[PDB]
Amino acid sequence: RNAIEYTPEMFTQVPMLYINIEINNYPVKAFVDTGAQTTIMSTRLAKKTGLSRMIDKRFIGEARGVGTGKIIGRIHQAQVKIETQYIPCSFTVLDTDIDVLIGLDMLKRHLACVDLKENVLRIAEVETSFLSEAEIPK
């Protein structure tokens, strides 16, 4: 045509926020959820990583919206490796396909910045990239 009109549009992928962490040298993809009141670890992962002895079965209850919601116990402290730093985290343990969900409690505790401009999570003294759609567990 005699004239060419340019009408730009943005296309933005919106994958769920995940990061790579390590728990007792086991690589784990962790879900970053500011809408969660607690931080979760699956029974499968707690057992695999040798953290089951520290599942304190005095602390139960419900975490509605993940698995069956039935809490098995609390891991009061387990060191989580994020890049070059170990950081202490607490976990609500339940039967779920989500290995680790980092909730608002742990994000606040470690003064996190969830940076969607730069696509990274800054937590404690480290920075780690959000996973691409291809690396995200489904």
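Numbers for residues come from their place in the sequence shown, where the first is 1.
In this entry, 50-58 has the higher mean Cα B-factor, the comparison being between 76-84 and 50-58. Higher mean CA temperature factor, per the PDB entry, when comparing 28-36 with 92-100: 92-100. Note on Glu118, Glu22, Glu9, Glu127: the highest value goes to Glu9, judged by CA B factor as recorded. Ranked by C-alpha B-factor against the other modelled residues of its chain, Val66 falls in the highest third.
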